[PDB]
$ cat entry.tsv   # TSV, C-alpha atoms and all ligand atoms
chain	number	residue	atom	x	y	z
Z	700	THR	CA	0.00	0.00	0.00
Z	701	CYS	CA	1.13	3.43	-1.14
Z	702	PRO	CA	2.25	5.82	1.61
Z	703	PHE	CA	0.57	9.20	1.99
Z	704	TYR	CA	3.71	11.24	1.18
Z	705	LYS	CA	3.58	9.80	-2.43
Z	706	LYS	CA	0.04	11.02	-3.07
Z	707	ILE	CA	-0.94	14.54	-4.32
Z	708	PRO	CA	-4.28	15.59	-2.64
Z	709	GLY	CA	-7.09	16.81	-4.86
Z	710	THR	CA	-5.70	15.02	-7.82
Z	711	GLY	CA	-5.54	11.62	-9.43
Z	712	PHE	CA	-1.72	11.81	-9.17
Z	713	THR	CA	1.10	9.88	-7.51
Z	714	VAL	CA	4.89	10.54	-7.49
Z	715	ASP	CA	7.52	7.73	-7.61
Z	716	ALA	CA	4.87	5.10	-6.73
Z	717	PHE	CA	5.35	2.09	-9.08
Z	718	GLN	CA	5.90	-0.80	-6.52
Z	719	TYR	CA	2.38	-0.84	-4.97
Z	720	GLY	CA	0.44	-2.39	-7.92
Z	721	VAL	CA	-2.61	-0.50	-9.22
Z	722	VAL	CA	-3.03	2.48	-6.89
Z	723	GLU	CA	-6.78	3.16	-6.36
Z	724	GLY	CA	-7.74	6.53	-7.84
Z	725	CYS	CA	-4.51	7.13	-9.78
Z	726	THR	CA	-4.95	8.45	-13.34
Z	727	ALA	CA	-1.30	9.54	-13.98
Z	728	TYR	CA	1.94	8.25	-12.39
Z	729	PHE	CA	4.77	10.82	-12.28
Z	730	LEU	CA	8.44	9.68	-12.19
Z	731	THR	CA	10.90	12.36	-10.97
Z	732	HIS	CA	14.14	10.54	-12.12
Z	733	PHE	CA	15.66	7.24	-13.23
Z	734	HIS	CA	17.02	5.88	-9.88
Z	735	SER	CA	15.97	2.34	-8.89
Z	736	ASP	CA	14.40	3.18	-5.46
Z	737	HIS	CA	12.07	5.59	-7.39
Z	738	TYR	CA	11.23	3.54	-10.47
Z	739	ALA	CA	10.95	0.21	-8.43
Z	740	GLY	CA	8.13	-1.67	-10.04
Z	741	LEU	CA	8.17	-0.33	-13.62
Z	742	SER	CA	8.77	-2.90	-16.43
Z	743	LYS	CA	7.63	-3.51	-20.09
Z	744	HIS	CA	4.18	-4.72	-18.89
Z	745	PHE	CA	3.21	-1.38	-17.31
Z	746	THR	CA	-0.02	-0.04	-18.95
Z	747	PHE	CA	-0.79	3.33	-17.21
Z	748	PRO	CA	0.35	6.85	-18.35
Z	749	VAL	CA	3.84	7.79	-16.97
Z	750	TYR	CA	4.72	11.48	-16.92
Z	751	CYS	CA	8.46	12.50	-16.83
Z	752	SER	CA	11.26	14.38	-18.52
Z	753	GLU	CA	12.50	13.56	-22.07
Z	754	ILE	CA	15.70	12.03	-20.68
Z	755	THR	CA	13.82	9.84	-18.15
Z	756	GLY	CA	11.46	8.73	-20.96
Z	757	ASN	CA	14.56	7.70	-23.16
Z	758	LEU	CA	15.72	5.51	-20.27
Z	759	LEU	CA	12.22	3.97	-19.63
Z	760	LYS	CA	11.92	2.98	-23.38
Z	761	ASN	CA	15.55	1.70	-23.90
Z	762	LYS	CA	16.58	0.29	-20.52
Z	763	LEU	CA	13.25	-0.90	-18.95
Z	764	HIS	CA	11.36	-1.42	-22.37
Z	765	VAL	CA	8.27	0.41	-21.29
Z	766	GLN	CA	6.09	0.74	-24.41
Z	767	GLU	CA	6.08	4.08	-26.10
Z	768	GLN	CA	2.32	4.66	-26.03
Z	769	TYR	CA	2.49	4.91	-22.14
Z	770	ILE	CA	5.50	7.34	-21.98
Z	771	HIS	CA	4.50	11.03	-21.74
Z	772	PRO	CA	7.60	13.29	-21.82
Z	773	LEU	CA	7.13	17.03	-20.88
Z	774	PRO	CA	9.47	19.88	-21.67
Z	775	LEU	CA	10.99	21.77	-18.76
Z	776	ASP	CA	10.04	25.34	-17.62
Z	777	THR	CA	6.72	25.11	-19.53
Z	778	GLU	CA	3.10	25.22	-18.26
Z	779	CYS	CA	1.37	21.93	-19.25
Z	780	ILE	CA	-2.17	20.59	-18.57
Z	781	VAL	CA	-2.31	16.97	-17.39
Z	782	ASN	CA	-5.78	15.44	-16.84
Z	783	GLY	CA	-7.20	18.85	-16.19
Z	784	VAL	CA	-4.47	20.16	-13.84
Z	785	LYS	CA	-1.68	22.71	-14.61
Z	786	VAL	CA	1.87	21.34	-13.92
Z	787	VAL	CA	5.43	22.52	-14.52
Z	788	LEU	CA	8.66	20.47	-14.49
Z	789	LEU	CA	11.82	22.16	-13.14
Z	790	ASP	CA	15.49	21.01	-13.21
Z	791	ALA	CA	16.30	19.35	-9.86
Z	792	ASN	CA	20.15	19.67	-10.06
Z	793	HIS	CA	20.32	15.86	-9.26
Z	794	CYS	CA	21.20	13.32	-12.05
Z	795	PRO	CA	20.45	13.69	-15.77
Z	796	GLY	CA	16.71	14.04	-16.43
Z	797	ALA	CA	15.80	14.65	-12.74
Z	798	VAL	CA	12.91	17.08	-12.12
Z	799	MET	CA	10.94	18.86	-9.41
Z	800	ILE	CA	7.15	19.09	-10.09
Z	801	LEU	CA	4.93	22.19	-9.44
Z	802	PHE	CA	1.19	21.29	-9.18
Z	803	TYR	CA	-1.44	24.07	-9.41
Z	804	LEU	CA	-4.49	22.45	-7.73
Z	805	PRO	CA	-7.99	23.22	-8.88
Z	806	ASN	CA	-8.83	24.72	-5.44
Z	807	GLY	CA	-5.93	27.38	-5.57
Z	808	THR	CA	-3.35	25.40	-3.49
Z	809	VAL	CA	0.18	25.23	-5.04
Z	810	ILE	CA	2.37	22.14	-4.22
Z	811	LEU	CA	6.16	21.72	-4.97
Z	812	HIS	CA	7.53	18.08	-4.98
Z	813	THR	CA	11.33	18.33	-5.10
Z	814	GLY	CA	11.95	14.67	-6.03
Z	815	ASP	CA	15.65	14.17	-5.24
Z	816	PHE	CA	17.48	17.58	-5.53
Z	817	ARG	CA	20.60	19.54	-4.70
Z	818	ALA	CA	19.29	23.02	-3.77
Z	819	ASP	CA	20.93	25.95	-5.45
Z	820	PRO	CA	20.46	29.80	-5.35
Z	821	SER	CA	19.73	29.61	-9.12
Z	822	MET	CA	16.37	28.02	-8.23
Z	823	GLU	CA	15.35	31.37	-6.57
Z	824	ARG	CA	15.08	32.71	-10.25
Z	825	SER	CA	13.17	29.92	-11.83
Z	826	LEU	CA	9.34	29.89	-12.25
Z	827	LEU	CA	9.24	29.44	-8.41
Z	828	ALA	CA	9.82	33.19	-7.98
Z	829	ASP	CA	6.35	34.01	-9.43
Z	830	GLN	CA	3.86	32.64	-6.82
Z	831	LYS	CA	3.34	31.28	-3.36
Z	832	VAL	CA	3.79	27.51	-2.40
Z	833	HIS	CA	1.50	26.10	0.27
Z	834	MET	CA	2.96	22.56	0.57
Z	835	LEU	CA	6.62	21.33	-0.01
Z	836	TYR	CA	7.33	17.54	-0.42
Z	837	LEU	CA	11.08	17.79	0.47
Z	838	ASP	CA	14.19	15.60	-0.19
Z	839	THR	CA	15.49	15.50	3.38
Z	840	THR	CA	18.40	13.06	2.76
Z	841	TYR	CA	20.99	15.23	4.58
Z	842	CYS	CA	18.71	17.17	6.96
Z	843	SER	CA	21.17	17.51	9.93
Z	844	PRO	CA	23.95	20.04	10.48
Z	845	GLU	CA	26.76	17.44	10.51
Z	846	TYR	CA	26.21	16.93	6.81
Z	847	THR	CA	28.72	19.23	5.20
Z	848	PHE	CA	30.55	18.66	1.88
Z	849	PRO	CA	32.28	20.96	-0.75
Z	850	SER	CA	30.84	22.40	-3.99
Z	851	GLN	CA	30.81	20.05	-6.98
Z	852	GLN	CA	33.30	22.44	-8.69
Z	853	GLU	CA	35.89	22.09	-5.78
Z	854	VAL	CA	35.56	18.28	-5.91
Z	855	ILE	CA	36.06	18.17	-9.72
Z	856	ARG	CA	39.12	20.53	-9.40
Z	857	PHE	CA	40.64	18.02	-6.89
Z	858	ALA	CA	39.92	15.00	-9.13
Z	859	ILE	CA	41.31	16.61	-12.37
Z	860	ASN	CA	44.54	17.89	-10.57
Z	861	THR	CA	45.09	14.44	-8.88
Z	862	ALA	CA	44.63	12.44	-12.10
Z	863	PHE	CA	46.72	14.79	-14.32
Z	864	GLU	CA	49.63	14.79	-11.82
Z	865	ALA	CA	49.66	10.94	-11.48
Z	866	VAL	CA	49.48	10.17	-15.19
Z	867	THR	CA	52.11	12.85	-16.09
Z	868	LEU	CA	54.49	11.30	-13.52
Z	869	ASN	CA	53.66	7.80	-14.90
Z	870	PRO	CA	52.26	7.52	-18.45
Z	871	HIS	CA	51.66	3.82	-17.81
Z	872	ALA	CA	49.07	4.54	-15.02
Z	873	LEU	CA	45.37	3.66	-15.67
Z	874	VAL	CA	42.56	5.70	-14.12
Z	875	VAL	CA	39.40	3.80	-13.03
Z	876	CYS	CA	36.11	5.44	-11.86
Z	877	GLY	CA	33.24	3.54	-10.08
Z	878	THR	CA	29.51	3.86	-11.04
Z	879	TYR	CA	26.19	2.03	-10.14
Z	880	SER	CA	23.52	4.37	-11.43
Z	881	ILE	CA	23.19	7.46	-13.56
Z	882	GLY	CA	24.50	10.68	-12.03
Z	883	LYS	CA	27.96	12.06	-11.29
Z	884	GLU	CA	29.07	11.77	-14.99
Z	885	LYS	CA	31.16	14.98	-14.56
Z	886	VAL	CA	33.71	12.98	-12.46
Z	887	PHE	CA	34.83	10.63	-15.29
Z	888	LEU	CA	34.17	13.18	-18.11
Z	889	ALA	CA	36.34	15.93	-16.53
Z	890	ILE	CA	39.23	13.51	-15.83
Z	891	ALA	CA	39.15	12.02	-19.41
Z	892	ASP	CA	39.10	15.61	-20.86
Z	893	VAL	CA	42.30	16.65	-18.93
Z	894	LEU	CA	44.03	13.39	-20.10
Z	895	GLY	CA	43.05	13.66	-23.77
Z	896	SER	CA	41.22	10.39	-23.69
Z	897	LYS	CA	37.73	8.91	-24.30
Z	898	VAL	CA	36.13	7.07	-21.44
Z	899	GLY	CA	35.95	3.31	-21.90
Z	900	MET	CA	33.09	1.18	-20.53
Z	901	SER	CA	30.78	-1.84	-20.95
Z	902	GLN	CA	28.19	-2.02	-23.67
Z	903	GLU	CA	25.39	-1.81	-20.97
Z	904	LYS	CA	26.83	1.47	-19.54
Z	905	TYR	CA	27.48	2.94	-23.02
Z	906	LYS	CA	23.78	2.28	-23.85
Z	907	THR	CA	22.66	4.15	-20.68
Z	908	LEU	CA	24.87	7.19	-21.42
Z	909	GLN	CA	23.54	7.31	-24.98
Z	910	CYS	CA	20.05	8.13	-23.54
Z	911	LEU	CA	21.17	11.26	-21.63
Z	912	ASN	CA	21.28	14.07	-24.32
Z	913	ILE	CA	24.82	15.03	-23.39
Z	914	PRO	CA	26.29	17.35	-26.11
Z	915	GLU	CA	28.98	15.80	-28.29
Z	916	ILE	CA	28.81	12.47	-26.32
Z	917	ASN	CA	30.09	10.42	-29.29
Z	918	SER	CA	33.38	12.39	-28.97
Z	919	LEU	CA	33.70	11.55	-25.23
Z	920	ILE	CA	32.90	7.81	-24.62
Z	921	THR	CA	33.66	4.39	-26.20
Z	922	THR	CA	33.27	0.60	-25.78
Z	923	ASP	CA	36.85	0.07	-27.00
Z	924	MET	CA	38.64	-0.37	-23.70
Z	925	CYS	CA	42.09	-0.73	-25.33
Z	926	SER	CA	41.99	2.74	-26.85
Z	927	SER	CA	41.05	4.47	-23.53
Z	928	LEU	CA	43.08	5.36	-20.39
Z	929	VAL	CA	40.02	6.16	-18.22
Z	930	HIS	CA	37.86	3.08	-17.54
Z	931	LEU	CA	34.47	2.81	-15.84
Z	932	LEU	CA	33.67	-0.18	-13.63
Z	933	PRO	CA	30.84	-1.17	-11.36
Z	934	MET	CA	31.19	0.44	-7.90
Z	935	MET	CA	31.44	-3.07	-6.34
Z	936	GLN	CA	34.68	-3.70	-8.18
Z	937	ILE	CA	36.36	-0.57	-6.66
Z	938	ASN	CA	38.51	-2.42	-4.08
Z	939	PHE	CA	42.06	-3.88	-4.14
Z	940	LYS	CA	40.94	-7.38	-5.30
Z	941	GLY	CA	38.68	-6.10	-8.06
Z	942	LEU	CA	41.26	-3.62	-9.32
Z	943	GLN	CA	44.12	-6.19	-9.34
Z	944	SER	CA	41.89	-8.42	-11.45
Z	945	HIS	CA	41.09	-5.64	-13.89
Z	946	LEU	CA	44.86	-4.72	-14.31
Z	947	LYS	CA	45.54	-8.36	-15.27
Z	948	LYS	CA	43.03	-7.98	-18.14
Z	949	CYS	CA	44.84	-5.01	-19.71
Z	950	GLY	CA	47.66	-7.13	-21.25
Z	951	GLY	CA	50.66	-5.37	-19.64
Z	952	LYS	CA	49.67	-1.96	-20.99
Z	953	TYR	CA	49.58	-0.52	-17.47
Z	954	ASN	CA	51.60	-0.92	-14.25
Z	955	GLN	CA	49.61	1.29	-11.80
Z	956	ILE	CA	45.89	2.13	-11.02
Z	957	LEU	CA	44.53	5.30	-9.63
Z	958	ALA	CA	40.78	4.77	-8.79
Z	959	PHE	CA	37.93	7.13	-7.71
Z	960	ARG	CA	34.80	6.23	-5.63
Z	961	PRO	CA	32.35	9.13	-5.71
Z	962	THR	CA	30.39	8.60	-2.52
Z	963	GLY	CA	27.86	10.91	-0.93
Z	964	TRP	CA	28.81	12.09	2.55
Z	965	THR	CA	31.18	10.00	4.72
Z	966	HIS	CA	32.27	10.96	8.39
Z	967	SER	CA	35.79	11.74	7.08
Z	968	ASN	CA	33.86	15.02	6.05
Z	969	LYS	CA	33.53	16.09	9.75
Z	970	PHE	CA	37.35	16.51	10.16
Z	971	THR	CA	39.20	16.64	6.84
Z	972	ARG	CA	39.18	19.33	4.10
Z	973	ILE	CA	38.91	18.29	0.37
Z	974	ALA	CA	42.49	19.63	-0.05
Z	975	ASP	CA	43.76	17.22	2.64
Z	976	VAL	CA	42.09	13.99	1.24
Z	977	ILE	CA	44.42	11.03	0.86
Z	978	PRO	CA	43.91	7.63	-0.74
Z	979	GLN	CA	43.99	4.08	0.54
Z	980	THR	CA	46.98	2.36	-1.07
Z	981	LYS	CA	48.18	-1.24	-1.56
Z	982	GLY	CA	51.24	-1.65	-3.76
Z	983	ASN	CA	50.67	-0.08	-7.23
Z	984	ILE	CA	46.85	0.54	-6.47
Z	985	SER	CA	45.49	3.74	-4.88
Z	986	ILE	CA	41.72	4.43	-4.16
Z	987	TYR	CA	40.32	7.92	-3.48
Z	988	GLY	CA	36.83	8.44	-1.91
Z	989	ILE	CA	35.63	11.82	-3.10
Z	990	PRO	CA	32.52	13.58	-1.57
Z	991	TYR	CA	30.68	14.41	-4.82
Z	992	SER	CA	27.02	14.93	-3.74
Z	993	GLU	CA	23.87	15.21	-5.87
Z	994	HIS	CA	21.76	15.99	-2.77
Z	995	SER	CA	21.47	19.29	-0.75
Z	996	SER	CA	23.83	19.87	2.15
Z	997	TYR	CA	22.11	20.96	5.34
Z	998	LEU	CA	22.94	24.63	4.69
Z	999	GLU	CA	21.78	24.54	1.01
Z	1000	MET	CA	18.49	22.91	2.10
Z	1001	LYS	CA	17.91	25.45	4.90
Z	1002	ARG	CA	18.54	28.40	2.53
Z	1003	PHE	CA	16.08	27.06	-0.05
Z	1004	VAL	CA	13.31	26.43	2.45
Z	1005	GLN	CA	13.82	29.85	4.28
Z	1006	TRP	CA	13.51	31.51	0.79
Z	1007	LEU	CA	10.45	29.56	-0.32
Z	1008	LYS	CA	8.57	29.98	3.03
Z	1009	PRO	CA	6.15	27.03	2.62
Z	1010	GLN	CA	3.13	26.69	4.91
Z	1011	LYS	CA	3.64	22.96	5.40
Z	1012	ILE	CA	6.64	20.54	4.84
Z	1013	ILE	CA	6.27	16.80	4.11
Z	1014	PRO	CA	9.63	14.95	4.19
Z	1015	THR	CA	10.17	12.20	1.59
Z	1016	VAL	CA	13.48	10.71	3.01
Z	1017	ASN	CA	14.39	9.39	6.49
Z	1018	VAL	CA	10.67	8.91	7.27
Z	1019	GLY	CA	10.90	5.40	8.74
Z	1020	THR	CA	12.05	6.20	12.32
Z	1021	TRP	CA	10.54	8.33	15.07
Z	1022	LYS	CA	13.92	9.76	15.96
Z	1023	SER	CA	14.54	10.91	12.33
Z	1024	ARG	CA	11.02	12.40	12.08
Z	1025	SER	CA	11.39	14.31	15.39
Z	1026	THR	CA	14.87	15.63	14.42
Z	1027	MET	CA	13.59	16.93	11.03
Z	1028	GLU	CA	10.48	18.59	12.62
Z	1029	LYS	CA	12.70	20.44	15.13
Z	1030	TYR	CA	14.88	21.89	12.35
Z	1031	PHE	CA	11.81	22.97	10.31
Z	1032	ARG	CA	10.55	24.93	13.39
Z	1033	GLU	CA	13.93	26.53	13.99
Z	1034	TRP	CA	14.10	27.67	10.38
Z	1035	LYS	CA	10.60	29.12	10.48
Z	1036	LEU	CA	11.22	31.02	13.83
Z	1037	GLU	CA	14.56	32.39	12.58
Z	1038	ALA	CA	13.12	33.71	9.28
Z	1039	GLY	CA	9.67	34.79	10.64
Z	1040	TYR	CA	7.19	32.94	8.35
Z	1101	NI	NI	18.08	9.82	-6.63

$ encode --input "entry.tsv" --output "C-alpha cells"
Amino acid sequence: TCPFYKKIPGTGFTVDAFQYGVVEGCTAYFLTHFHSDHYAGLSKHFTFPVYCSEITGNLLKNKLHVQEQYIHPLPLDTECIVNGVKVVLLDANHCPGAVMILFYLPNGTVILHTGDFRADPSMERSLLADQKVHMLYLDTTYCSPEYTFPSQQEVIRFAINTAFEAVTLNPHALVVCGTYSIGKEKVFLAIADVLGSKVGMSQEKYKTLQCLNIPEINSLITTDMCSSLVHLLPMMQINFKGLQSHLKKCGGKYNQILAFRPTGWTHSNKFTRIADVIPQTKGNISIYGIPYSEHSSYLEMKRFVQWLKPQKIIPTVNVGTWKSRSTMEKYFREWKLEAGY
C-alpha cells in the first residue's frame, strides 16, 4: 500500500509510486528521475500513463522497455495541462533528467515536490519566484547540520589535478572510476578531458549514457577499452581485489591504477578538508573516496526552504524512524522562527 507522502491531494496523481500495484484513484503516475528506489516496479508490462522528462522517458523505453504509447515526456520550464491540472517540471540539479514538479491544484493550493534535488540559489530565479507555495514535499536526505561537503566544482578541481599529476608522472598509469547508477558523470568526463582520452566502458553502460542528451557524447565515450586510459567499472569492483583483477586484463599496458569512488557524505567530512584527502593504497593501487554529492547539504536545504517559506513541509526521506522524524520537525521549526514565516 502506497504511503501518503507519495500522493498529491485533490488530484488523481502519484509521485515515484510504481511498486504498490494499481493504486486506487490514480490516473497519472509521475516519475521524478531514473534511480531504482524511485522507479521500483516499472517494467515492459506497465499499462498506465507515466509522466516524466524527455531524458527519463529515453531511459524507460531503452533500458526498462516500457512501451512508447504509455510514456508522456514534458518539456521543462513550460506550463502543461495533465488530466485537467496545470503542472510545470523544473530542473532538480540531481542526475540527468531529474525534475521537481509544481502542481497548481484546482482549489488554488500550489504544491512543490522536489523529487531528489541539490538546492541551489539559481532556483530562486526559476518559475518558483512568481507565486506562493503552500505545501513542499522535500528531499530531506541530509537534513542535519553534521552533513557538510564541498561544492561540486571544488571536488572536480581536486579530481582533475590528482589524475593529471599521477598520469604525467607515470604515463603507464590507468585511471578507473566507479559507477552504479546514472548521475555524477562529470567525475569521469572531466578527468578524461584533462588526459586527452575517451572514457571506456561496458556495452550496458554505453547504452545508458547514450540516452542522456549530453552534447557531443560520441566524442567523449567508447566501448573500446584498449583505446582508452580512463575506464568505468561497477562500484562493487572498486577495491584492491577487483582492481588487481582488472589490471591483469589489460595485457601489460599498465603498471599502476589510480581509482575514484564518488560517494555521498562519509564521516571523514567532519574533520578533513577536500584539499587534505588522501587515498587508501596497496602496492601499485590507490583508491580515493571523493565527496561528490547530488543531494542538498544541510545549509543549502535550509537556505532554499527559508527563501520559499512554505506553509507545510512533508519529508520524503528518512521517514521510517521516530527519531529521524522528530529531528527533522525540530529543524523545520527553527528555520521558520529564525526567518519569521
Ligand atoms: Ni536519486

$ residues_near_ligand --input "entry.tsv" --ligand "ligand NI 1101 (chain Z)" --cutoff "8 Å" --atoms "all atoms listed in the file" --output "PyMOL selection string"
chain Z and resi 732-734+736-737+793-794+814-816+993

$ residues_around --input "entry.tsv" --residues "residue 728 (chain Z)" --least-positions-apart "5" --cutoff "8 Å" --atoms "all atoms listed in the file" --output "MDAnalysis selection string"
chainID Z and resid 712:717 747:750

$ residues_around --input "entry.tsv" --residues "residue 812 (chain Z)" --least-positions-apart "3" --cutoff "7 Å" --atoms "all atoms listed in the file" --output "PDB file with C-alpha atoms, in the coordinates of the input"
ATOM      1  CA  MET Z 799      10.940  18.860  -9.410  1.00  0.00           C
ATOM      2  CA  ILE Z 800       7.150  19.090 -10.090  1.00  0.00           C
ATOM      3  CA  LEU Z 801       4.930  22.190  -9.440  1.00  0.00           C
ATOM      4  CA  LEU Z 835       6.620  21.330  -0.010  1.00  0.00           C
ATOM      5  CA  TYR Z 836       7.330  17.540  -0.420  1.00  0.00           C
ATOM      6  CA  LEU Z 837      11.080  17.790   0.470  1.00  0.00           C
TER       7      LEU Z 837
END

$ closest_residue --input "entry.tsv" --among "Z:705, Z:930, Z:885, Z:952" --to "residue 856 (chain Z)" --atoms "all atoms listed in the file"
Z:885

$ atom_distance --input "entry.tsv" --atom1 "CA of residue 779 (chain Z)" --atom2 "CA of residue 826 (chain Z)"
13.3 Å

$ closest_residue --input "entry.tsv" --among "Z:804, Z:828, Z:842, Z:881" --to "residue 1015 (chain Z)" --atoms "only C-alpha atoms"
Z:842

$ closest_residue --input "entry.tsv" --among "Z:912, Z:829, Z:700, Z:891" --to "residue 752 (chain Z)" --atoms "only C-alpha atoms"
Z:912
